[PDB]
Structures are given as C-alpha cells and as structure tokens.
Amino acid sequence: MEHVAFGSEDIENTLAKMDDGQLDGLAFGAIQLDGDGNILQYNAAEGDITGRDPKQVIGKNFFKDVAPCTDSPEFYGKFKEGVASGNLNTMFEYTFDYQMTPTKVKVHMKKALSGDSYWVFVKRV
Ligand SMILES: *C(=O)/C=C\c1ccc(O)cc1
C-alpha cells in the first residue's frame, strides 16, 4: 500500500510523485480531472467502489459520460466554481447511484499542484 490518509492537509504534494501504478496502491478512490472534467487518471479503489474499469474511463468526461449523478450543483457546481476560481478544497458526503447499487461515499475535491488539474478523492462511509 501507499501510506496516505484520506483528507490529509498536504495530500496534493504527496500524490504528485505517484504514477498510475502507484495511485492504485491508495486506500481510497482517486480521480484526476482536467479543467473541463475529462478523466486523466482513475485508480483501482475508485473502480472497486463504482464498478468501472479504470482503463476504459480515462479520456472520458466525468460529469457528462461516466458519472452523470454528479452533474448537479452539489457536486459539478462546486467543481466548476473551483476551476473558475483556481482554488478548490471541499469535503462532503454523497450517494453514487448511476447503474449501480446506491452507495454512500465521502468525497474530497482539491486542486492539484500542476496548474489545471483537480483531484476527486472518494471513500466509503
Ligand atoms: C453517479 O454518477 C454514480 C456513479 C459514479 C460512477 C463512477 C464514478 O467514478 C463516480 C460516480
């Protein structure tokens, strides 16, 4: 495993060193999106939670194609405001329910260290 704790204050510095292989070693779901919501990275733990095959979702739009239940002011809305502002750091509970058994999760979104990428971290609650 990669020892990083969900919600950690410096998580963005830590995850900057990890490759797709490394990211698959996290205790939680990790997704990296560009400013337009396209999926740059998607780790194994997210695949375990949502049932999606990580390889198949990279390159797709998260809010439009892959995860339309997140297309709402309460999820996508916070994302777009953070991208516009160039600053994002929010944590909230949410229910994933698209093509899958409803699953309650904790979501943490944070701007990355590179200029126009953004993390979505997810774990069960
Ligand atoms: C809402 O969109 C439900 C499902 C979902 C599937 C995959 C990922 O990564 C997040 C959310």
Side-chain angles (χ1 to χ4, degrees):
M1 293 217 357
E2 293 266 294
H3 284 344
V4 183
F6 182 84
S8 288
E9 256 9 271
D10 53 329
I11 193 165
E12 71 258 37
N13 282 46
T14 303
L15 263 58
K17 62 188 203 182
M18 307 189 195
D19 62 24
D20 350 295
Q22 280 159 317
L23 275 169
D24 287 351
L26 293 174
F28 48 89
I31 305 167
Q32 180 178 34
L33 306 169
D34 71 12
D36 275 327
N38 301 307
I39 302 171
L40 302 182
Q41 293 257 76
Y42 197 99
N43 81 339
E46 188 61 7
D48 286 345
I49 291 156
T50 65
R52 276 64 176 178
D53 189 316
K55 277 61 188 143
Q56 295 187 10
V57 300
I58 306 298
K60 294 281 221 147
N61 185 279
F62 183 77
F63 302 102
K64 174 172 182 266
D65 305 312
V66 174
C69 85
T70 68
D71 178 5
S72 69
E74 297 84 21
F75 201 132
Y76 188 20
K78 290 162 183 159
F79 178 79
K80 44 85 85 187
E81 193 64 63
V83 177
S85 297
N87 175 35
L88 188 61
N89 182 16
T90 188
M91 190 180 306
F92 51 98
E93 308 187 349
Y94 205 83
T95 299
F96 289 173
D97 62 5
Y98 185 61
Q99 290 181 9
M100 69 190 278
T101 311
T103 300
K104 199 146 198 27
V105 290
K106 197 166 292 299
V107 184
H108 180 203
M109 287 186 313
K110 207 180 186 176
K111 181 173 167 67
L113 226 52
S114 94
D116 197 32
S117 89
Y118 299 90
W119 292 106
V120 183
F121 302 119
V122 174
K123 67 158 186 172
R124 302 179 167 106
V125 301

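Hydrogens, waters and symmetry mates play no part in the numbers below; they use all other heavy atoms, side chains included. Just so you know, residue 1 is the first one in the sequence shown, and it goes up from there. Note that ligands are numbered from 1 as they come in the structure, with each ligand's atoms numbered from 1 the same way.
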ask   = Around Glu93, counting heavy atoms of other residues, nucleotides and ligands shown, do more than 12 lie under 6.0 Å from its CD?
value = yes

inquiry  = We want to know whether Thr103 and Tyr94 form a side-chain donor-acceptor pair, criterion being a heavy-atom distance below 3.5 angstrom.
reply    = no

ask   = Mind checking whether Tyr118 and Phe79 have parallel, tilted or perpendicular rings, split at 30° and 60°?
value = perpendicular

message = Using 30° and 60° as the class boundaries, would you call the ring planes of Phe121 and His108 parallel, tilted or perpendicular?
response = tilted

note = Using heavy atoms and a strict 4.0 Å limit, residues surrounding ligand 1 turn out to be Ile31, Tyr42, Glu46, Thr50, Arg52, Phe62, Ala67, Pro68, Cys69, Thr70, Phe96, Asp97, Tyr98, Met100

Donor-acceptor side-chain pairing of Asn61 and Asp65 below 3.5 angstrom = no

task = Kindly indicate whether a cation-pi arrangement holds for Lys78 with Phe92, taking the cut-offs as under 6.0 Å to the six-membered ring centre and within 45° of the axis.
result = yes

